[PDB]
Amino acid sequence: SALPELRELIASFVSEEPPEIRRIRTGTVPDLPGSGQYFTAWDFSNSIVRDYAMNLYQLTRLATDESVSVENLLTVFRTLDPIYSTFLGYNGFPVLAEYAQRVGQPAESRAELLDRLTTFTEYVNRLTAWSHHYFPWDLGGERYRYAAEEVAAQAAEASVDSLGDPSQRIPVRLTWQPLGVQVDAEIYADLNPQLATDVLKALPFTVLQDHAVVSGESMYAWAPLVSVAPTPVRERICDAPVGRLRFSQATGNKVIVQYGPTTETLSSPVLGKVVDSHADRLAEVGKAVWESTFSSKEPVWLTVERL
Amino acid sequence: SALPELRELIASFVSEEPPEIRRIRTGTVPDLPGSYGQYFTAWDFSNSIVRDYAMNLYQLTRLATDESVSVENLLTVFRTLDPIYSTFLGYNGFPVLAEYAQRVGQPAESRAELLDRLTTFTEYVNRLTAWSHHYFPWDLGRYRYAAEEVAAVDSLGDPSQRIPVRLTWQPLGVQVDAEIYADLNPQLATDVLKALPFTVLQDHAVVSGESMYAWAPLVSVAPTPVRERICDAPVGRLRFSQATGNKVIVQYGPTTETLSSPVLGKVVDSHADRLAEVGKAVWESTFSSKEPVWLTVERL
Ligand SMILES: N[C@@H](Cc1c[nH]c2ccccc12)C(=O)O
Ligand SMILES: N[C@@H](Cc1c[nH]c2ccccc12)C(=O)O
């Protein structure tokens, strides 16, 4: 591989909290940053590793585009990257800074560059998944509320499950521990073929389950993969039914179970759906995952398995 | 300019808070972003993305001046990196920036046309980011360091290219005089001088330490052969990082950021005593009060 030790980190951090995050969230970052508080530095570390994960994923994706010369991709990299890597090194992620330098070093094949890009992205995606689990979203929870009536009102202001072929549905089970909850889901292999491929290849796995903090009632967890598969079928998130399983290679590789009303209007690649029989089981897990992500940080693990 | 409707807003928003910024700060975004009836998380996201979005727009703009990178190869990179950022920014209370992102991506009939849209747009986004930094509720972070643990170039160049200028903070009433080193980063200094005079909101660093900065009205890709580690900077140092958006940075004490920063000039030693008093009111402005403070920079 291009960076085998990186892969060792990517493996460890599936089950385990990366040290960076632990020193970040307890204001123990050696450089003691943040103009006698650290929240602002912490906020920065979180948001910027998130956006760097996106950046990198689009560089990874660009790398599949042979109209852009490998050298042009590397040039683009050396330009856009340092402002992110150097700052992240300063603010809690110094290993990432050195590895970012490594990814840029003069490479000799597209495949090699691309292998670095996919590797690095996976690493940063996991740093981002942990960073997301631990950020104090509860802060504006007594300070800044949407008022109930306006909310129900905008809910009042406003098929892709019928496309393709039922014969090609591939079954799987989602298991949420320690809740001991379980549903059986179907994956539309026919809709986004290499997408669902990339997702079933990874199976099984056990990752951490967290909650959306913008779009509404939408759980997502960061799967151990990077897919650049076509996404011909995408569905707007506000139009998603309850129980929809959407992937989002754009934003890491999040297995996004949607269980309740969401407001986001950006389109999302369709993976599958929970079997109607088990959709009602979702509200509970969704509330407990809101609790963990918003509040308690009590980890809730996902296991996805090929039935 | 390739986008005049954009130029007019670039002007207005130096003086007036962008409706978007306020709408998000008050959580009035029609799409009610934020899970479970609160908009702090959405507020954070919008601010965070719009800030790093500008960073990406700037590095793109620098790539647009790079003649090895093809204009079409650039269009391709743009059309790849831009959507995941701009379309969410369109969902989180910035529909206009999302409409303009697409216009920026349309096929450029020249490299200058494309460099131009990127300049006007980078600046528009840098101004939205300026106000968002000003209004984000940093005081909400409760997350304080331990007291014990917190406890725990001007010579170089030519004295005839020291261009005098005056920085006046309002309502601070403090008007320090200063010299810009027109000879250390000529291209950058020239860029800075052609914007004088301006009057933009003065805001404080939130991660760096005792340093202030204000989004100037310019987009410079000018080389910066003379830089100094932020940590090693004298009180009264003027620096200018266009990488994170052009900001006139005034350092008024010790900092801990170890990145290097373009050397723009210095406040004269005499007036440096006045910087401390204006650092505090600015910190309390950004962190707590949000009460505006306006920096005017003009040439004497
Ligand atoms: N809709 C997402 C916002 C988002 C966009 N890109 C992301 C990447 C990682 C995490 C969250 C996001 C949310 O509610 O959280
Ligand atoms: N050092 C900066 C952090 C930063 C990086 N990029 C930025 C862009 C805009 C504002 C701030 C930043 C600070 O203390 O704030």
# chains A, B, ... in the order shown; residues from 1 in each chain; ligands from 1
>>> select_by_dssp(residues="region 102-291 of chain B", states="helix (DSSP H, G or I)", output="VMD selection string")
chain B and resid 102 to 105 111 to 135 138 to 140 147 to 151 159 to 161 186 to 195 230 to 232 269 to 289
>>> interface_residues(of="chain B", to="chain A", cutoff="7 Å", atoms="only C-alpha atoms", output="PyMOL selection string")
chain B and resi 31+33-42+48+52+56+59+63+69+73+77+80-81+84+87-88+91+138+140-141+143-145+150+205-209+256
>>> closest_residue(among="B:90, B:236, B:30, B:157", to="ligand 1", atoms="only C-alpha atoms and all ligand atoms")
B:90
>>> select_by_dssp(residues="region 40-237 of chain B", states="strand (DSSP E or B)", output="ChimeraX atom specification")
/B:144,162-170,174-181,198-201,203-204,209-215,227-229,237
>>> closest_residue(among="A:117, A:172, A:256, A:245", to="ligand 1", atoms="only C-alpha atoms and all ligand atoms")
A:256
>>> residues_around(residues="region 241-243 of chain B", least_positions_apart="5", cutoff="10 Å", atoms="only C-alpha atoms", output="PyMOL selection string")
(chain A and resi 80+83) or (chain B and resi 54-59+62+188+213+215-216+218-222+224+227+248-249+260-264)
>>> residues_around(residues="residue 86 (chain B)", least_positions_apart="6", cutoff="12 Å", atoms="only C-alpha atoms", output="MDAnalysis selection string")
(chainID A and resid 266) or (chainID B and resid 46 49:54 56:57 78:80 92:105 125)
>>> write_last_selection(atoms="N, CA and C atoms", output="compact mmCIF listing (two decimals), in the first residue's frame")
# COMPACT_ATOMS: atom_id res chain seq x y z
N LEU A 266 -30.46 19.09 -0.20
CA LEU A 266 -29.42 18.57 -1.08
C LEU A 266 -29.64 17.08 -1.35
N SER B 46 -22.93 26.71 9.13
CA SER B 46 -22.90 27.82 8.14
C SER B 46 -21.60 28.61 8.29
N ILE B 49 -18.40 26.38 7.39
CA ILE B 49 -18.29 26.13 5.92
C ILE B 49 -17.93 27.45 5.22
N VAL B 50 -18.74 28.50 5.40
CA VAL B 50 -18.51 29.79 4.67
C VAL B 50 -17.06 30.25 4.88
N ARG B 51 -16.49 30.00 6.06
CA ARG B 51 -15.09 30.42 6.35
C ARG B 51 -14.13 29.58 5.50
N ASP B 52 -14.21 28.25 5.62
CA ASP B 52 -13.27 27.36 4.88
C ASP B 52 -13.61 27.39 3.38
N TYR B 53 -14.86 27.70 3.03
CA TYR B 53 -15.23 27.85 1.59
C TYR B 53 -14.38 28.97 1.00
N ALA B 54 -14.34 30.11 1.70
CA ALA B 54 -13.51 31.25 1.23
C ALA B 54 -12.06 30.79 1.07
N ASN B 56 -10.94 27.93 0.31
CA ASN B 56 -10.86 27.16 -0.95
C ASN B 56 -10.97 28.09 -2.15
N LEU B 57 -11.93 29.02 -2.11
CA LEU B 57 -12.03 30.01 -3.20
C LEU B 57 -10.69 30.72 -3.38
N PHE B 78 -12.77 23.28 -10.32
CA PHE B 78 -13.82 24.11 -9.69
C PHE B 78 -15.10 23.30 -9.59
N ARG B 79 -15.60 22.83 -10.73
CA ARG B 79 -16.91 22.13 -10.76
C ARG B 79 -16.90 20.87 -9.89
N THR B 80 -15.72 20.35 -9.55
CA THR B 80 -15.65 19.21 -8.62
C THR B 80 -15.71 19.71 -7.18
N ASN B 92 -27.93 26.35 4.04
CA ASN B 92 -27.81 26.92 5.41
C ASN B 92 -27.84 28.46 5.40
N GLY B 93 -28.82 29.06 4.74
CA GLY B 93 -28.97 30.52 4.83
C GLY B 93 -28.06 31.35 3.96
N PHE B 94 -27.56 30.80 2.85
CA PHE B 94 -26.79 31.63 1.87
C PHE B 94 -27.20 31.26 0.44
N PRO B 95 -28.48 31.34 0.07
CA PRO B 95 -28.90 31.02 -1.31
C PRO B 95 -28.19 31.85 -2.38
N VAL B 96 -27.87 33.11 -2.11
CA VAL B 96 -27.30 33.95 -3.20
C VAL B 96 -25.90 33.47 -3.57
N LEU B 97 -25.08 33.17 -2.56
CA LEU B 97 -23.71 32.68 -2.83
C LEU B 97 -23.80 31.37 -3.63
N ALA B 98 -24.83 30.58 -3.36
CA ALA B 98 -24.98 29.30 -4.09
C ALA B 98 -25.37 29.58 -5.54
N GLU B 99 -26.22 30.58 -5.76
CA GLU B 99 -26.57 30.94 -7.15
C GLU B 99 -25.33 31.46 -7.88
N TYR B 100 -24.47 32.18 -7.18
CA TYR B 100 -23.30 32.75 -7.88
C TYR B 100 -22.23 31.69 -8.11
N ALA B 101 -22.12 30.71 -7.21
CA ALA B 101 -21.15 29.61 -7.43
C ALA B 101 -21.33 29.03 -8.83
N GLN B 102 -22.57 28.71 -9.19
CA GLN B 102 -22.86 28.15 -10.53
C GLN B 102 -22.37 29.11 -11.62
N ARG B 103 -22.71 30.38 -11.50
CA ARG B 103 -22.28 31.36 -12.52
C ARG B 103 -20.75 31.34 -12.65
N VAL B 104 -20.05 31.20 -11.52
CA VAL B 104 -18.56 31.18 -11.56
C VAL B 104 -18.11 29.94 -12.34
N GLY B 105 -18.84 28.84 -12.23
CA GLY B 105 -18.42 27.58 -12.89
C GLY B 105 -18.69 27.49 -14.38
N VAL B 125 -17.31 36.50 -0.67
CA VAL B 125 -17.41 35.45 0.36
C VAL B 125 -16.55 35.85 1.57
>>> residues_around(residues="residue 174 (chain B)", least_positions_apart="5", cutoff="8 Å", atoms="only C-alpha atoms", output="PyMOL selection string")
chain B and resi 168-169+274+278
>>> write_last_selection(atoms="C-alpha atoms", output="PDB file, in the first residue's frame")
ATOM      1  CA  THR B 168      -8.074  54.820  13.670  1.00  0.00           C
ATOM      2  CA  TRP B 169     -10.402  52.489  15.626  1.00  0.00           C
ATOM      3  CA  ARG B 274      -2.214  52.465  22.839  1.00  0.00           C
ATOM      4  CA  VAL B 278      -7.863  48.622  21.785  1.00  0.00           C
TER       5      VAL B 278
END
>>> closest_residue(among="A:198, A:305, A:108, A:210", to="residue 257 (chain A)", atoms="only C-alpha atoms")
A:210
>>> atom_distance(atom1="CA of residue 178 (chain A)", atom2="CA of residue 301 (chain A)")
7.4 Å
>>> residues_around(residues="residue 288 (chain A)", least_positions_apart="3", cutoff="10 Å", atoms="only C-alpha atoms", output="PyMOL selection string")
chain A and resi 179+210-211+282-285+291-296+298+300
>>> write_last_selection(atoms="N, CA and C atoms", output="compact mmCIF listing (two decimals), in the first residue's frame")
# COMPACT_ATOMS: atom_id res chain seq x y z
N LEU A 179 -28.03 -0.85 22.80
CA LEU A 179 -29.48 -0.82 22.74
C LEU A 179 -30.07 -2.19 22.52
N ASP A 210 -23.74 8.11 15.12
CA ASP A 210 -23.96 9.47 15.59
C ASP A 210 -25.13 10.07 14.83
N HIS A 211 -25.44 11.32 15.15
CA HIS A 211 -26.65 11.97 14.67
C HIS A 211 -26.28 13.17 13.82
N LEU A 282 -37.18 2.33 14.63
CA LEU A 282 -36.15 3.33 14.35
C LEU A 282 -36.26 4.53 15.28
N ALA A 283 -37.48 4.92 15.64
CA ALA A 283 -37.63 6.12 16.44
C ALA A 283 -36.85 6.02 17.73
N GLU A 284 -36.87 4.85 18.37
CA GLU A 284 -36.12 4.68 19.61
C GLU A 284 -34.63 4.93 19.39
N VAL A 285 -34.02 4.17 18.47
CA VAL A 285 -32.59 4.32 18.21
C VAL A 285 -32.26 5.75 17.85
N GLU A 291 -29.46 11.51 21.81
CA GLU A 291 -28.91 11.68 23.14
C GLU A 291 -27.39 11.58 23.12
N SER A 292 -26.86 10.51 22.51
CA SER A 292 -25.42 10.30 22.52
C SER A 292 -24.69 11.45 21.83
N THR A 293 -25.15 11.83 20.62
CA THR A 293 -24.44 12.83 19.82
C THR A 293 -24.63 14.23 20.39
N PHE A 294 -25.87 14.58 20.75
CA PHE A 294 -26.14 15.88 21.33
C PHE A 294 -25.51 16.02 22.71
N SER A 295 -25.57 14.96 23.53
CA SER A 295 -25.52 15.09 24.99
C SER A 295 -24.55 14.20 25.74
N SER A 296 -24.85 12.90 25.81
CA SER A 296 -24.18 12.04 26.79
C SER A 296 -22.82 11.56 26.32
N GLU A 298 -22.25 8.88 25.29
CA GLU A 298 -22.32 7.43 25.45
C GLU A 298 -22.29 6.79 24.07
N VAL A 300 -22.66 4.55 20.81
CA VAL A 300 -23.64 3.60 20.29
C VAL A 300 -23.05 3.03 19.01
>>> atom_distance(atom1="CA of residue 287 (chain A)", atom2="CA of residue 222 (chain A)")
18.7 Å
>>> residues_around(residues="residue 15 (chain A)", least_positions_apart="4", cutoff="9 Å", atoms="only C-alpha atoms", output="JSON, numbers by chain")
{"A": [11, 206, 207, 208]}
>>> closest_residue(among="A:131, A:18, A:100, A:106", to="residue 49 (chain A)", atoms="only C-alpha atoms")
A:131
>>> closest_residue(among="A:29, A:95, A:88, A:200", to="ligand 2", atoms="only C-alpha atoms and all ligand atoms")
A:88
>>> atom_distance(atom1="CA of residue 181 (chain B)", atom2="CA of residue 268 (chain B)")
12.2 Å
